[PDB]
Amino acid sequence: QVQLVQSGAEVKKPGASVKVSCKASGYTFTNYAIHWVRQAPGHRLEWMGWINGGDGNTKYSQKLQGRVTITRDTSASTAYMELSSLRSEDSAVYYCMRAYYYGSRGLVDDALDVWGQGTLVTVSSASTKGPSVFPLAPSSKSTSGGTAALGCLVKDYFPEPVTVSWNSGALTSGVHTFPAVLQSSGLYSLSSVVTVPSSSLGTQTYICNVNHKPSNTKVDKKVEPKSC
Amino acid sequence: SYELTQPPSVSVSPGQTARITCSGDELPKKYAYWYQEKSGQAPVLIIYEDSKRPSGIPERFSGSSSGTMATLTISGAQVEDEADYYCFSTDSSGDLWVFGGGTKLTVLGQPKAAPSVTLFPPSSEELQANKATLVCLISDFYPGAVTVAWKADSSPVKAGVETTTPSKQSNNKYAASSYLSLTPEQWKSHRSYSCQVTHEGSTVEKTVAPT
Amino acid sequence: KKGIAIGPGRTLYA
């Protein structure tokens with residue numbers, strides 16, 4: 001029931017500012033505090049700051065004091081994080097996490113490990129490139145009896161990431177989303193493949209939902225078997 | 001300015017008990033919190049308030065704190081426990097939190113695993129877009145090293161190949177991708193294309209042909 | 001002994 005939903009991924013230039021939101025639901029927003037944690041894709045976790053849902057008081061990391069500003073909107077149940085003067089060392093996944101305790105006596109409800117899905121911001125001066133989506137016709141050479149492998153190919157996009165859904169989220173069993181390659185052109189390309197029963201080939205509808213937030217692009221590609 | 005110091009990496013054998021420490025000057029009068037973060041996933045709170053364990057965490061995880069040193073113990077670890085572990089506590093005033101450096105746990109003696117290979121030919125839509133891409137997927141192999149090679153007919157491909165660095169998946173195995181970008185003329189001319197996957201001496205070769 | 005850190009300015013000490 002308790003949930004933290006963050007805003008989508010963004011691209012910024014060196015020197016600009018990024019602002020990520022964090023909408024809370026399932027609990028009294030003013031009783032808890034909300035942390036902010038950043039982590040480079042190949043480095044360690046870093047604590048940024050936290051803000052009270054009711055007081056609004058903030059305590060930032062001494063590394064980020066002067067650049068970061070954490071706010072909150074009680075009427076919207078949403079906390080915000082803004083980081084200015086972005087440099088290449090800021091390319092990271094940004095999370096929001098609810099504090100363990102609430103109230104004046106520091107109690108806990110039916111949860112205490114609540115993390116948002118994460119927002120990957122990428123500071124760069126390169127061009128924002130949209131993705132191209134191509135269907136991967138179902139194949140049966142990769143066996144498991146009565147199972148076919150079909151998917152979608154997301155080609156030439158920048159920057160990361162690209163999230164791929166299947167049938168608007170109704171298909172999760174057997175969904176394998178591979179990490180993207182870094183081509184010599186500077187663009188990325190990944191593939192998302194799902195394994196389905198062979199009896200559903202030609203009767204069940206399969207559509208992949210490609211979402212590239214850095215370019216405001218969404219593609220729903222129908223995946224049908226080949227017609228030879 | 002406050003810091004929590006963790007060992008950079010610890011190694012353990014299956015069934016053995018692994019100890020991951022965390023030293024901090026305010027730990028005598030401040031609680032400690034532990035997080036498990038596997039490769040490619042979000043951290044998970046496994047230990048809160050020095051010793052307490054949240055619901056859903058296996059009982060083999062436990063923690064203790066004494067003096068300026070907190071400790072995380074994993075009794076009888078398996079391959080699933082192979083991940084990074086971070087420390088988490090506050091400073092003297094208790095208004096700012098600090099994460100530890102991160103301890104990488106490694107379980108020894110993991111069996112070899114043969115990779116599965118899947119190769120898709122270029123789609124008819126992409127050929128209409130004056131492009132051609134061959135995707136060679138590799139999954140479920142250990143260790144995380146693989147040698148991918150492409151072939152035009154029977155000769156090695158001279159250009160147009162990109163291969164990912166092998167990354168850990170859910171079941172603590174590895175997966176990789178390999179793409180061969182071609183033109184419609186090259187794909188329609190040669191008799192066949194193949195991606196050769198070599199892992200621990202063994203070799204798997206999948207071949208596709210135009211139309 | 002040890003206290004908990006609720007929020008900024010909110011800290012139940014020893």
# chains A, B, ... in the order shown; residues from 1 in each chain; ligands from 1
>>> interface_residues(of="chain C", to="chain B", cutoff="6 Å", atoms="only C-alpha atoms", output="number ranges by chain")
C: 1-3, 5, 8
>>> select_by_dssp(residues="segment 18-193 of chain B", states="helix (DSSP H, G or I)", output="VMD selection string")
chain B and resid 27 to 29 79 to 81 124 to 128 184 to 189
>>> write_last_selection(atoms="C-alpha atoms", output="short mmCIF file (atom, residue, chain, number, x, y, z; two decimals), in the first residue's frame")
data_model
loop_
_atom_site.label_atom_id
_atom_site.label_comp_id
_atom_site.auth_asym_id
_atom_site.auth_seq_id
_atom_site.Cartn_x
_atom_site.Cartn_y
_atom_site.Cartn_z
CA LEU B 27 28.05 3.98 16.79
CA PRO B 28 28.37 3.65 20.62
CA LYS B 29 25.33 5.94 20.97
CA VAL B 79 25.40 -17.90 -3.92
CA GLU B 80 22.32 -15.69 -3.54
CA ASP B 81 24.06 -13.69 -0.79
CA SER B 124 11.38 -7.10 -42.18
CA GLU B 125 10.57 -3.64 -40.79
CA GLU B 126 14.24 -2.76 -40.25
CA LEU B 127 15.13 -3.89 -43.78
CA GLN B 128 12.53 -1.40 -45.03
CA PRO B 184 20.42 -4.73 -46.57
CA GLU B 185 22.90 -5.40 -49.39
CA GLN B 186 25.32 -7.30 -47.14
CA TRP B 187 22.53 -9.31 -45.50
CA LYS B 188 20.95 -10.22 -48.86
CA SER B 189 24.29 -11.16 -50.47
#
>>> closest_atom_pairs(of="chain C", to="chain A", cutoff="8 Å", atoms="only C-alpha atoms", output="Markdown table")
| residue | atom | partner | partner_atom | distance |
| --- | --- | --- | --- | --- |
| C:4 | CA | A:106 | CA | 7.3 |
| C:5 | CA | A:101 | CA | 7.9 |
| C:6 | CA | A:101 | CA | 5.4 |
| C:7 | CA | A:33 | CA | 5.9 |
| C:8 | CA | A:57 | CA | 6.1 |
| C:9 | CA | A:57 | CA | 7.8 |
| C:10 | CA | A:104 | CA | 7.3 |
| C:12 | CA | A:105 | CA | 7.4 |
>>> atom_distance(atom1="atom CA of residue 40 of chain B", atom2="atom CA of residue 137 of chain A")
27.5 Å
>>> interface_residues(of="chain B", to="chain A", cutoff="9 Å", atoms="only C-alpha atoms", output="PDB file with N, CA, C and O atoms, in the first residue's frame")
ATOM      1  N   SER B   1      31.387  15.309   7.325  1.00  0.00           N
ATOM      2  CA  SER B   1      32.733  15.005   7.795  1.00  0.00           C
ATOM      3  C   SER B   1      32.772  13.654   8.502  1.00  0.00           C
ATOM      4  O   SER B   1      33.832  13.045   8.643  1.00  0.00           O
ATOM      5  N   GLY B  40      22.598  -4.591 -10.127  1.00  0.00           N
ATOM      6  CA  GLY B  40      21.510  -4.150 -10.974  1.00  0.00           C
ATOM      7  C   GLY B  40      20.183  -3.936 -10.283  1.00  0.00           C
ATOM      8  O   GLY B  40      19.186  -3.678 -10.967  1.00  0.00           O
ATOM      9  N   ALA B  42      17.964  -2.408  -6.501  1.00  0.00           N
ATOM     10  CA  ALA B  42      17.940  -1.403  -5.452  1.00  0.00           C
ATOM     11  C   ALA B  42      18.320  -2.023  -4.110  1.00  0.00           C
ATOM     12  O   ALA B  42      18.103  -3.219  -3.890  1.00  0.00           O
ATOM     13  N   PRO B  43      18.902  -1.239  -3.202  1.00  0.00           N
ATOM     14  CA  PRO B  43      19.269  -1.783  -1.889  1.00  0.00           C
ATOM     15  C   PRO B  43      18.045  -2.253  -1.118  1.00  0.00           C
ATOM     16  O   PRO B  43      16.934  -1.750  -1.304  1.00  0.00           O
ATOM     17  N   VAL B  44      18.261  -3.233  -0.244  1.00  0.00           N
ATOM     18  CA  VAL B  44      17.212  -3.803   0.596  1.00  0.00           C
ATOM     19  C   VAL B  44      17.668  -3.738   2.047  1.00  0.00           C
ATOM     20  O   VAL B  44      18.775  -4.179   2.373  1.00  0.00           O
ATOM     21  N   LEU B  45      16.813  -3.204   2.918  1.00  0.00           N
ATOM     22  CA  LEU B  45      17.123  -3.155   4.342  1.00  0.00           C
ATOM     23  C   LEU B  45      17.023  -4.552   4.940  1.00  0.00           C
ATOM     24  O   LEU B  45      15.931  -5.132   5.014  1.00  0.00           O
ATOM     25  N   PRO B  54      14.031  -7.010   9.873  1.00  0.00           N
ATOM     26  CA  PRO B  54      12.683  -6.757   9.350  1.00  0.00           C
ATOM     27  C   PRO B  54      12.016  -8.041   8.878  1.00  0.00           C
ATOM     28  O   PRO B  54      12.638  -9.097   8.736  1.00  0.00           O
ATOM     29  N   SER B  55      10.714  -7.930   8.630  1.00  0.00           N
ATOM     30  CA  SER B  55       9.942  -9.067   8.152  1.00  0.00           C
ATOM     31  C   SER B  55      10.291  -9.376   6.701  1.00  0.00           C
ATOM     32  O   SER B  55      10.400  -8.475   5.864  1.00  0.00           O
ATOM     33  N   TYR B  86      26.248  -2.320   2.454  1.00  0.00           N
ATOM     34  CA  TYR B  86      26.581  -0.967   2.871  1.00  0.00           C
ATOM     35  C   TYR B  86      26.150  -0.727   4.312  1.00  0.00           C
ATOM     36  O   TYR B  86      25.149  -1.276   4.782  1.00  0.00           O
ATOM     37  N   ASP B  95      21.299  14.503  12.615  1.00  0.00           N
ATOM     38  CA  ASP B  95      20.543  15.163  11.560  1.00  0.00           C
ATOM     39  C   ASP B  95      20.980  14.757  10.160  1.00  0.00           C
ATOM     40  O   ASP B  95      20.193  14.908   9.218  1.00  0.00           O
ATOM     41  N   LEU B  96      22.198  14.250   9.998  1.00  0.00           N
ATOM     42  CA  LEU B  96      22.697  13.809   8.703  1.00  0.00           C
ATOM     43  C   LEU B  96      23.096  12.341   8.774  1.00  0.00           C
ATOM     44  O   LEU B  96      23.677  11.892   9.767  1.00  0.00           O
ATOM     45  N   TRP B  97      22.771  11.599   7.720  1.00  0.00           N
ATOM     46  CA  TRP B  97      23.116  10.191   7.604  1.00  0.00           C
ATOM     47  C   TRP B  97      24.329  10.023   6.697  1.00  0.00           C
ATOM     48  O   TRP B  97      24.593  10.853   5.824  1.00  0.00           O
ATOM     49  N   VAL B  98      25.069   8.938   6.914  1.00  0.00           N
ATOM     50  CA  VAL B  98      26.258   8.630   6.125  1.00  0.00           C
ATOM     51  C   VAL B  98      26.251   7.143   5.803  1.00  0.00           C
ATOM     52  O   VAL B  98      26.029   6.311   6.690  1.00  0.00           O
ATOM     53  N   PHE B  99      26.489   6.808   4.537  1.00  0.00           N
ATOM     54  CA  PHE B  99      26.643   5.424   4.120  1.00  0.00           C
ATOM     55  C   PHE B  99      28.097   4.990   4.248  1.00  0.00           C
ATOM     56  O   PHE B  99      29.019   5.807   4.182  1.00  0.00           O
ATOM     57  N   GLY B 100      28.294   3.685   4.433  1.00  0.00           N
ATOM     58  CA  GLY B 100      29.629   3.133   4.448  1.00  0.00           C
ATOM     59  C   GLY B 100      30.204   2.987   3.052  1.00  0.00           C
ATOM     60  O   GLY B 100      29.537   3.215   2.043  1.00  0.00           O
ATOM     61  N   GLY B 101      31.478   2.595   3.003  1.00  0.00           N
ATOM     62  CA  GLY B 101      32.146   2.440   1.723  1.00  0.00           C
ATOM     63  C   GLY B 101      31.583   1.313   0.883  1.00  0.00           C
ATOM     64  O   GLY B 101      31.611   1.380  -0.350  1.00  0.00           O
ATOM     65  N   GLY B 102      31.066   0.269   1.525  1.00  0.00           N
ATOM     66  CA  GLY B 102      30.519  -0.864   0.807  1.00  0.00           C
ATOM     67  C   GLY B 102      31.437  -2.069   0.817  1.00  0.00           C
ATOM     68  O   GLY B 102      32.607  -1.971   0.437  1.00  0.00           O
ATOM     69  N   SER B 116      23.336 -20.227 -22.761  1.00  0.00           N
ATOM     70  CA  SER B 116      22.294 -20.379 -23.765  1.00  0.00           C
ATOM     71  C   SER B 116      22.396 -19.237 -24.765  1.00  0.00           C
ATOM     72  O   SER B 116      22.575 -18.078 -24.378  1.00  0.00           O
ATOM     73  N   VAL B 117      22.288 -19.564 -26.049  1.00  0.00           N
ATOM     74  CA  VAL B 117      22.471 -18.597 -27.125  1.00  0.00           C
ATOM     75  C   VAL B 117      21.187 -18.511 -27.936  1.00  0.00           C
ATOM     76  O   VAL B 117      20.608 -19.541 -28.303  1.00  0.00           O
ATOM     77  N   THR B 118      20.746 -17.285 -28.210  1.00  0.00           N
ATOM     78  CA  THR B 118      19.594 -17.021 -29.061  1.00  0.00           C
ATOM     79  C   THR B 118      19.980 -15.963 -30.081  1.00  0.00           C
ATOM     80  O   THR B 118      20.530 -14.918 -29.716  1.00  0.00           O
ATOM     81  N   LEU B 119      19.695 -16.231 -31.354  1.00  0.00           N
ATOM     82  CA  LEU B 119      20.092 -15.351 -32.448  1.00  0.00           C
ATOM     83  C   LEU B 119      18.872 -15.015 -33.292  1.00  0.00           C
ATOM     84  O   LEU B 119      18.262 -15.909 -33.886  1.00  0.00           O
ATOM     85  N   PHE B 120      18.520 -13.730 -33.344  1.00  0.00           N
ATOM     86  CA  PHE B 120      17.427 -13.279 -34.192  1.00  0.00           C
ATOM     87  C   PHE B 120      17.964 -12.683 -35.487  1.00  0.00           C
ATOM     88  O   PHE B 120      18.929 -11.910 -35.463  1.00  0.00           O
ATOM     89  N   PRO B 121      17.365 -13.023 -36.624  1.00  0.00           N
ATOM     90  CA  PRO B 121      17.728 -12.366 -37.881  1.00  0.00           C
ATOM     91  C   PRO B 121      17.140 -10.968 -37.939  1.00  0.00           C
ATOM     92  O   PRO B 121      16.295 -10.610 -37.106  1.00  0.00           O
ATOM     93  N   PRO B 122      17.569 -10.138 -38.892  1.00  0.00           N
ATOM     94  CA  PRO B 122      16.976  -8.802 -39.017  1.00  0.00           C
ATOM     95  C   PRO B 122      15.495  -8.881 -39.356  1.00  0.00           C
ATOM     96  O   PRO B 122      15.058  -9.743 -40.123  1.00  0.00           O
ATOM     97  N   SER B 123      14.721  -7.969 -38.774  1.00  0.00           N
ATOM     98  CA  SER B 123      13.289  -7.935 -39.015  1.00  0.00           C
ATOM     99  C   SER B 123      12.987  -7.334 -40.384  1.00  0.00           C
ATOM    100  O   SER B 123      13.799  -6.614 -40.972  1.00  0.00           O
ATOM    101  N   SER B 124      11.791  -7.643 -40.891  1.00  0.00           N
ATOM    102  CA  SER B 124      11.375  -7.101 -42.180  1.00  0.00           C
ATOM    103  C   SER B 124      11.144  -5.597 -42.108  1.00  0.00           C
ATOM    104  O   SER B 124      11.312  -4.897 -43.114  1.00  0.00           O
ATOM    105  N   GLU B 125      10.761  -5.084 -40.936  1.00  0.00           N
ATOM    106  CA  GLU B 125      10.570  -3.645 -40.786  1.00  0.00           C
ATOM    107  C   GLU B 125      11.896  -2.899 -40.869  1.00  0.00           C
ATOM    108  O   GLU B 125      11.980  -1.840 -41.504  1.00  0.00           O
ATOM    109  N   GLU B 126      12.941  -3.431 -40.233  1.00  0.00           N
ATOM    110  CA  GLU B 126      14.237  -2.761 -40.252  1.00  0.00           C
ATOM    111  C   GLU B 126      14.841  -2.763 -41.650  1.00  0.00           C
ATOM    112  O   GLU B 126      15.474  -1.783 -42.060  1.00  0.00           O
ATOM    113  N   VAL B 135      20.960  -9.775 -33.638  1.00  0.00           N
ATOM    114  CA  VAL B 135      21.086  -9.745 -32.185  1.00  0.00           C
ATOM    115  C   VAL B 135      21.376 -11.159 -31.696  1.00  0.00           C
ATOM    116  O   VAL B 135      20.605 -12.090 -31.959  1.00  0.00           O
ATOM    117  N   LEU B 137      22.001 -13.240 -28.323  1.00  0.00           N
ATOM    118  CA  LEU B 137      21.773 -13.160 -26.886  1.00  0.00           C
ATOM    119  C   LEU B 137      22.407 -14.350 -26.182  1.00  0.00           C
ATOM    120  O   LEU B 137      22.266 -15.492 -26.631  1.00  0.00           O
ATOM    121  N   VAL B 161      30.403  -4.748 -34.943  1.00  0.00           N
ATOM    122  CA  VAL B 161      30.083  -5.631 -33.828  1.00  0.00           C
ATOM    123  C   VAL B 161      30.217  -4.850 -32.529  1.00  0.00           C
ATOM    124  O   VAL B 161      31.202  -4.131 -32.331  1.00  0.00           O
ATOM    125  N   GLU B 162      29.225  -4.989 -31.651  1.00  0.00           N
ATOM    126  CA  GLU B 162      29.261  -4.420 -30.310  1.00  0.00           C
ATOM    127  C   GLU B 162      28.786  -5.479 -29.326  1.00  0.00           C
ATOM    128  O   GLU B 162      27.736  -6.094 -29.537  1.00  0.00           O
ATOM    129  N   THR B 163      29.556  -5.692 -28.260  1.00  0.00           N
ATOM    130  CA  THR B 163      29.256  -6.717 -27.267  1.00  0.00           C
ATOM    131  C   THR B 163      29.288  -6.104 -25.875  1.00  0.00           C
ATOM    132  O   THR B 163      30.219  -5.365 -25.540  1.00  0.00           O
ATOM    133  N   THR B 164      28.272  -6.411 -25.070  1.00  0.00           N
ATOM    134  CA  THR B 164      28.208  -5.904 -23.707  1.00  0.00           C
ATOM    135  C   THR B 164      29.208  -6.615 -22.807  1.00  0.00           C
ATOM    136  O   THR B 164      29.616  -7.752 -23.060  1.00  0.00           O
ATOM    137  N   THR B 165      29.601  -5.929 -21.744  1.00  0.00           N
ATOM    138  CA  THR B 165      30.343  -6.578 -20.676  1.00  0.00           C
ATOM    139  C   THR B 165      29.389  -7.470 -19.891  1.00  0.00           C
ATOM    140  O   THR B 165      28.296  -7.023 -19.522  1.00  0.00           O
ATOM    141  N   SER B 167      27.118  -9.124 -17.294  1.00  0.00           N
ATOM    142  CA  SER B 167      26.554  -8.591 -16.064  1.00  0.00           C
ATOM    143  C   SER B 167      25.739  -9.667 -15.365  1.00  0.00           C
ATOM    144  O   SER B 167      25.143 -10.535 -16.008  1.00  0.00           O
ATOM    145  N   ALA B 175      24.791 -12.699 -18.188  1.00  0.00           N
ATOM    146  CA  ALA B 175      24.166 -12.571 -19.493  1.00  0.00           C
ATOM    147  C   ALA B 175      24.872 -11.471 -20.270  1.00  0.00           C
ATOM    148  O   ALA B 175      25.398 -10.520 -19.686  1.00  0.00           O
ATOM    149  N   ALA B 176      24.883 -11.610 -21.593  1.00  0.00           N
ATOM    150  CA  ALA B 176      25.546 -10.639 -22.447  1.00  0.00           C
ATOM    151  C   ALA B 176      24.781 -10.514 -23.755  1.00  0.00           C
ATOM    152  O   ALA B 176      23.997 -11.392 -24.127  1.00  0.00           O
ATOM    153  N   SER B 177      25.019  -9.405 -24.449  1.00  0.00           N
ATOM    154  CA  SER B 177      24.405  -9.132 -25.737  1.00  0.00           C
ATOM    155  C   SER B 177      25.487  -8.864 -26.773  1.00  0.00           C
ATOM    156  O   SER B 177      26.573  -8.376 -26.448  1.00  0.00           O
ATOM    157  N   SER B 178      25.182  -9.193 -28.025  1.00  0.00           N
ATOM    158  CA  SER B 178      26.105  -8.952 -29.130  1.00  0.00           C
ATOM    159  C   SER B 178      25.287  -8.618 -30.366  1.00  0.00           C
ATOM    160  O   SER B 178      24.421  -9.401 -30.765  1.00  0.00           O
ATOM    161  N   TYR B 179      25.560  -7.463 -30.966  1.00  0.00           N
ATOM    162  CA  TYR B 179      24.806  -6.976 -32.112  1.00  0.00           C
ATOM    163  C   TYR B 179      25.716  -6.846 -33.323  1.00  0.00           C
ATOM    164  O   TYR B 179      26.857  -6.386 -33.211  1.00  0.00           O
ATOM    165  N   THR B 211      16.223 -14.330 -45.766  1.00  0.00           N
ATOM    166  CA  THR B 211      14.924 -14.819 -46.223  1.00  0.00           C
ATOM    167  C   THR B 211      14.653 -16.247 -45.757  1.00  0.00           C
ATOM    168  O   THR B 211      13.681 -16.504 -45.046  1.00  0.00           O
TER     169      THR B 211
END
>>> atom_distance(atom1="atom CA of residue 64 of chain A", atom2="atom CA of residue 38 of chain B")
26.5 Å
>>> residues_around(residues="residue 192 of chain B", least_positions_apart="6", cutoff="12 Å", atoms="only C-alpha atoms", output="ChimeraX atom specification")
/B:121,134,150-157,186,206-211
>>> closest_residue(among="A:188, A:204, A:154, A:120", to="residue 219 of chain A", atoms="only C-alpha atoms")
A:154
>>> atom_distance(atom1="atom CA of residue 165 of chain A", atom2="atom CA of residue 9 of chain A")
16.1 Å
>>> closest_residue(among="B:104, B:53, B:199, B:19", to="residue 147 of chain B", atoms="only C-alpha atoms")
B:199
>>> select_by_dssp(residues="segment 103-211 of chain B", states="strand (DSSP E)", output="compact mmCIF listing (two decimals) with C-alpha atoms, in the first residue's frame")
# COMPACT_ATOMS: atom_id res chain seq x y z
CA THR B 103 31.68 -4.45 1.32
CA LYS B 104 31.62 -6.87 -1.62
CA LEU B 105 30.82 -10.43 -0.53
CA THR B 106 32.11 -13.23 -2.76
CA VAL B 107 31.14 -16.89 -2.34
CA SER B 116 22.29 -20.38 -23.76
CA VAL B 117 22.47 -18.60 -27.12
CA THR B 118 19.59 -17.02 -29.06
CA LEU B 119 20.09 -15.35 -32.45
CA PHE B 120 17.43 -13.28 -34.19
CA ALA B 132 19.95 -4.61 -40.77
CA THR B 133 20.75 -5.77 -37.22
CA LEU B 134 21.55 -9.26 -35.94
CA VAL B 135 21.09 -9.75 -32.19
CA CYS B 136 22.96 -12.60 -30.46
CA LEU B 137 21.77 -13.16 -26.89
CA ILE B 138 23.78 -15.09 -24.28
CA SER B 139 22.26 -16.09 -20.95
CA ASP B 140 22.80 -18.25 -17.86
CA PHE B 141 26.55 -18.81 -17.74
CA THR B 147 34.18 -14.80 -26.08
CA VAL B 148 31.77 -13.71 -28.83
CA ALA B 149 32.77 -13.79 -32.49
CA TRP B 150 30.79 -13.14 -35.67
CA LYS B 151 31.26 -14.71 -39.09
CA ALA B 152 30.20 -13.77 -42.61
CA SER B 155 35.17 -15.62 -42.73
CA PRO B 156 35.32 -13.44 -39.60
CA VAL B 161 30.08 -5.63 -33.83
CA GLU B 162 29.26 -4.42 -30.31
CA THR B 163 29.26 -6.72 -27.27
CA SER B 167 26.55 -8.59 -16.06
CA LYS B 168 24.98 -10.58 -13.25
CA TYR B 174 25.69 -13.80 -16.25
CA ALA B 175 24.17 -12.57 -19.49
CA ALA B 176 25.55 -10.64 -22.45
CA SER B 177 24.41 -9.13 -25.74
CA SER B 178 26.10 -8.95 -29.13
CA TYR B 179 24.81 -6.98 -32.11
CA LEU B 180 25.90 -7.13 -35.76
CA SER B 181 24.84 -4.02 -37.69
CA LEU B 182 24.75 -4.57 -41.45
CA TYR B 193 25.86 -15.20 -40.73
CA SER B 194 26.77 -16.67 -37.36
CA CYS B 195 27.73 -15.59 -33.85
CA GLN B 196 30.25 -17.91 -32.19
CA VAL B 197 30.00 -18.11 -28.39
CA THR B 198 32.96 -19.62 -26.51
CA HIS B 199 32.79 -20.29 -22.77
CA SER B 202 33.16 -25.12 -25.07
CA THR B 203 31.74 -23.41 -28.15
CA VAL B 204 28.22 -22.71 -29.41
CA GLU B 205 27.54 -21.36 -32.91
CA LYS B 206 24.11 -20.23 -34.13
CA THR B 207 23.62 -19.49 -37.83
CA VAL B 208 20.98 -17.48 -39.70
>>> residues_around(residues="residue 119 of chain A", least_positions_apart="4", cutoff="7 Å", atoms="only C-alpha atoms", output="PyMOL selection string")
chain A and resi 6-9+93-95
>>> residues_around(residues="residue 196 of chain A", least_positions_apart="4", cutoff="10 Å", atoms="only C-alpha atoms", output="PyMOL selection string")
chain A and resi 138+146-150+171+173-175+200-201+204+206
